[PDB]
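Structure first, then comments.
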There are 2 protein chains.
Amino acid sequence: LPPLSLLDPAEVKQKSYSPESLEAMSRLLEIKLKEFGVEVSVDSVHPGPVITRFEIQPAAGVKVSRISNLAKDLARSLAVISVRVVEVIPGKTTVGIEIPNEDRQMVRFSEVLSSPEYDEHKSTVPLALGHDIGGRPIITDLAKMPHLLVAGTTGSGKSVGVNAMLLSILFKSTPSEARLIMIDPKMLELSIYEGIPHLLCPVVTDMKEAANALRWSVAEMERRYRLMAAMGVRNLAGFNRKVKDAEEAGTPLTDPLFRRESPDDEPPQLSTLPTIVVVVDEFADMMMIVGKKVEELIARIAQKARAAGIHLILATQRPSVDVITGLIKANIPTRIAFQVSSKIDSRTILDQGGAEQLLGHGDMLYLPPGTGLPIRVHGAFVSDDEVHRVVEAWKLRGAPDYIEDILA
Amino acid sequence: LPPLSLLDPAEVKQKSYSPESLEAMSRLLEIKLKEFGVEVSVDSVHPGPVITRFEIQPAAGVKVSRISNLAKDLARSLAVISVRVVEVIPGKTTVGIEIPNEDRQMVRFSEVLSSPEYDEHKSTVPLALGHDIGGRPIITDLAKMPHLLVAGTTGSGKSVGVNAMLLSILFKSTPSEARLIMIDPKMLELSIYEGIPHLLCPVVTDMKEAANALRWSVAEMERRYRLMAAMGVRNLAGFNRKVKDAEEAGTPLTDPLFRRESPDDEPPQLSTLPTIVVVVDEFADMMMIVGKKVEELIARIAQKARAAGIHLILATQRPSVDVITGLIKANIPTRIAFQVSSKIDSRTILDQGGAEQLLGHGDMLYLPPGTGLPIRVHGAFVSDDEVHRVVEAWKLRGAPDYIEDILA
Ligand SMILES: Nc1ncnc2c1ncn2[C@@H]1O[C@H](COP(=O)(O)OP(=O)(O)O)[C@@H](O)[C@H]1O
Ligand SMILES: Nc1ncnc2c1ncn2[C@@H]1O[C@H](COP(=O)(O)OP(=O)(O)O)[C@@H](O)[C@H]1O
């Protein structure tokens, strides 16, 4: 299993904003808001790697909308590219304003995977997103999402974030614990992972083949459910316990779904199944080339795949109603949104405005399932070298075990 | 390779606005805005070839929208045809107002290609657009766009701008470095280039044939990808290095995609491939005459053509939702917009208003991919003589090497 040593080190964090600096900006904020309609006062300051949040306490009678409404102008008066108004801060009666730091200090992938949360993570498919507005590492579980929709226009840092996602898997799981199906409608982005042992087939470039890989996944999903039913198990996890225990008890289990066709035929022995992850780099391109069936397959996978251990990672730079459709969205409750062109775009992916206010370069809004405000996360940066490195590391540890069956 | 000597010389730049004149206009601006609601003060003045930008500092509490909102009236009070309000000036807290100079000084094509940016440009397909609002040359790379959408109503200077684009290629590349497919639904504009050696076929006039040219392009694209795969190369550039090195090392490469059909058949030797550029003068006409297939073909080309070295230049005077559609826009992120009839039209091409505020005669808004405000560019003027001249210069340097295969 490749060492975190392959990752570039955390660059000198030349941070720290003198108590005086922060206090100065605080008064400035107050002044500027005062110059416009609202009278408010800073309640507390929380600096971070990319932005600094100023929780302000609105004067009597002032409505939050008034603050949100002049985020464009406030930003200008402060000479910052944009400012993010967080209308509600749980438990407090304050509102928050996140202003971009003059010097954004970078977040290195190694700086995230080094956390104990990622280290002690028990999932086969953990996703280290980056740091929250306060510098703390945000580690998630793809298997609990249990599918992911990713959107971001060019320049937002979406591609890097996807690499961060893939590397999160590759730094924690072996091919027998997690397998991948990579669809790259543009022989660009994912082609750099060709050959790693986790791949179930080559990086899919032909869209017709990609459609088959999706069909294959539905079948593999159905087969697993059939298997688990016979085993008296509820999901891949339980299936794997059953099979492991059996092996630790010298009495290995045998495929219950085996059908004898000859007196010779012998039931093959069961082995642990890997968590399957299907990532489509630009699913709007797959939809465009192939048609309505891509959407239908996605919906079918996403509505039932969880318990079987098959998970979807769908990314696009075209967050429109035509691409992120009702069918696609239906059972993919978890959304990550990097910077997008407009509130409209933001709503398409997050069903809520905001992503348009992101700063680019990995700044994102992570929205897990259920009510709850999206979590702002400053994506970790991972270079093509760090990726190229981890790939070679894995190519050494094993050759590509393809199932040509899948793409046909 | 034709000499830049064929281009008319830069006419006497009788510019210079006395420090007093500029200071007078500054106070005038202040006064007029004051006569209306807003109170502002000029922070700095930046004169240019076509307009002069006055960075103003809005008084406490005044919102940019108020300024933008009375650009129509301010223009009248200033006796200028229109005024452009730039709501955000990176890093500063000022707003900008671009007023048309009384005497617009022209920008000659020679005055642009003379720049070091164009001279030292390493691309086979550079595009010298013109001068920015400050008189500086704007040189771009079609290959990095990697496709271009151009819109402008009659009188905006779109035709001249396209000629400027074509001449940018013709002044830097030979037929073996760059080839062209010209579709002219109106046997008008592009017919003046007939015969130049770069043409892969005659200037396409029949739309049915044009459709085939597009089909041919998809095929050529597919073939190149197949080629590059076999070569272990990522794109046309890498392909050409491989083949060039081979030649410089006396051991030339041979077509890996060659299939022997006879013991005689011998693998043809590989030669460097040209960057292909397909320009459609009025793609709204092609769509009208041919149908849904034009759009589908465009989308197919634009979604994958980059790495293979094939690039699209699509222009139209009809920037409507029916023409610049989602399919077309899908993978053509780079947009150039000359003056258009309305904000609606502007949004159709730029997904943003503004192009309606342009001054005509080559005034444009160049929008490269990603976030970022469009770059206003005063397009260089190129006469029919300068074009006629560069054509003849090339017709002498070589005869038209057509591939009749393409149009059928
Ligand atoms: N997390 C990050 N931190 C700092 N810079 C980043 C980060 N993610 C991306 N970038 C910068 O942005 C550029 C573009 O990122 P990329 O992921 O390729 O964007 P997209 O594919 O969405 O256009 C990179 O070249 C890199 O310098
Ligand atoms: N860059 C430019 N600078 C100065 N004048 C220009 C420029 N581009 C065009 N013009 C003027 O505008 C006229 C129309 O330009 P043209 O490109 O044919 O417009 P369109 O085809 O969009 O109607 C030309 O006859 C020329 O005098």
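Residue numbering for chain B follows Swiss-Prot; the residues present correspond to positions 315-722, in that order.
Cβ coordinates are placed from backbone N, Cα and C, and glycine is handled just like the others.
According to Swiss-Prot, the feature domain 'FtsK' maps to B:449-661.
The Cβ of B:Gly471 (ATP binding site) lies under 8 Å from the Cβ of B:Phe652, B:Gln653, B:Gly674, B:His675, B:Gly676, B:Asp677, B:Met678, B:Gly693, each on the same chain and at least six residues away in sequence. Residues or ranges marked as ATP binding site by Swiss-Prot: B:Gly469, B:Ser470, B:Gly471, B:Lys472, B:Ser473, B:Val474, B:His675, B:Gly693, B:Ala694.
Here B:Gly469 (ATP binding site) comes close to B:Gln653, B:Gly674: these same-chain residues lie at least six apart in sequence, with C-beta atoms under 8 angstroms from its C-beta. Cβ-based neighbour count (10 Å, all protein chains) for B:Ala694 (ATP binding site) stands at 28.
For the ATP site, whose annotated binding residues are B:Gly469, B:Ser470, B:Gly471, B:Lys472, B:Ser473, B:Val474, B:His675, B:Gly693, B:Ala694, the maximal Cα to Cα separation is 15 Å. The DSSP secondary structure for B:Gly471 (ATP binding site) is coil.
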